[PDB]
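One chain comes next, on its own, written as structure tokens: the form deposited without the ligand.
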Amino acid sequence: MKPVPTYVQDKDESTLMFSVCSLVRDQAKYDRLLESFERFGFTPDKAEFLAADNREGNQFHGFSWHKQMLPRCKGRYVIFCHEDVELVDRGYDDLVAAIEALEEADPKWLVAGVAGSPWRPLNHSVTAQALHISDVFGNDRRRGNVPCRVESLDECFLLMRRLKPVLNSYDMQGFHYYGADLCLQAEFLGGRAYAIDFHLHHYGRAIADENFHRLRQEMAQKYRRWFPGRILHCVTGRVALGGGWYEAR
């Protein structure tokens, strides 16, 4: 029998605007997320919801989960978020408007999020931040001015085009620094990361535990190879990558 091939054209055949993917451990938190997204406009004609299932253990981690989720997504844009975000005022139409405005402003974007660190800060004496969020540090708070280009994004809420993805590294594992890693890989691929203005409530918070310190060192050891001397800002703090001339004392 002659094979029957499928001929593929360059066309966006999505009908859903969003695939909302979440890293899920706690059913109650995820149910709260799902109810809030539906309340704020992510109805079944607009969005589908997928969960990386970490309810029984750490099946997935921050650097691996997109590779299993992406193939299952059918939406134009793929959100990767934590289970402890919830929509509270801004909704579906606001996110679509922010993304479409970003496409007009800078078509080289590849990843967008709600909180991060401005790209190449001049002032390394303080940690640069650009965000608009409600979180444990305050309701309806801001740092910097969003939208803006960033060098890192907080992991709580990220998005990419399904047809223009970015991948996390294979040589790191765990639950820290996968937002920065994604933004650095986007730069290697020739694109950009932005923090957009899309206010939501994030009720989780950072754990500066041994894995955080381990992954901070692994990120420096990895990325100093290619970014010698750079000081990378994240909302969790600056990381002096070292390498090259910077190793002189």
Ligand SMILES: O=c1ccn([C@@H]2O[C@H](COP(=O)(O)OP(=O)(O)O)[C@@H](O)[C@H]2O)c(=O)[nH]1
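Only residues modelled in both forms are compared. Take the two forms, find the largest set of C-alpha atoms that superpose within 1.5 Å, and that set is the rigid core. For every residue, the number given is its place in the sequence shown, counted from 1.
- Looking at mean Cα B-factors across 87 to 95 and 162 to 170, the upper value is held by 87 to 95.
- Set 148 to 156 against 102 to 110 and average the Cα temperature factors; 102 to 110 ends up higher.
- For the set 46, 222, 192, 216, the PDB entry assigns the largest Cα B-factor to 46.
- Looking at 74, 82, 176, 132, the one whose CA carries the top B-factor in the deposited record is 74.
- Sorting the modelled residues of the chain by their CA temperature factor places residue 16 in the highest third.
- Split the chain's modelled residues into thirds by C-alpha temperature factor. Residue 185 is in the lowest one.
- Annotation for residue 128: C-alpha temperature factor in the middle third relative to the rest of the modelled chain, per the entry.
- When the CA B factors of the chain's modelled residues are split into thirds, the value for residue 22 lands in the lowest one.
- When the modelled residues of the chain are ordered by their C-alpha B factor, residue 3 lands in the highest third.
Beyond the structure shown, there is the form solved in complex with the ligand, which is absent from this document and is the topic of what follows.
- Although the partner is absent here, residue 178 is a contact residue: one of its heavy atoms lies within 4.5 angstroms of the ligand in the deposited complex.
- Although the partner is absent here, residue 54 lies within 4.5 Å of the ligand in the deposited complex, judged by heavy atoms.
- Contact check for residue 82: a non-hydrogen atom falls within 4.5 Å of the ligand in the deposited complex.
- Contact check for residue 222: every heavy atom lies farther than 4.5 Å from the ligand in the deposited complex.
- Although the ligand is omitted here, in the deposited complex none of 125, 184 and 238 has a heavy atom within 4.5 Å of it.
- This chain is drawn without the ligand; in the deposited complex, the residue among 32, 192, 202, 216 with a heavy atom within 4.5 Å of it is 202.
- Proximity to the ligand in the deposited complex, defined as a heavy atom within 4.5 Å, holds among 27, 58, 43, 68 only for 58.
- Stretch 82 to 90 is the answer when you ask which of 82 to 90, 102 to 110, 116 to 124, 138 to 146 has residues with heavy atoms within 4.5 Å of the ligand in the deposited complex.
- With the core held fixed between the shown form and the other one, residue 189 has its Cα displaced by under 2 Å.
- Where the rigid core is used as the reference frame, a consecutive stretch of 3+ residues with C-alpha displacements of 2 Å or more between the shown form and the other one occurs only at 205 to 208.
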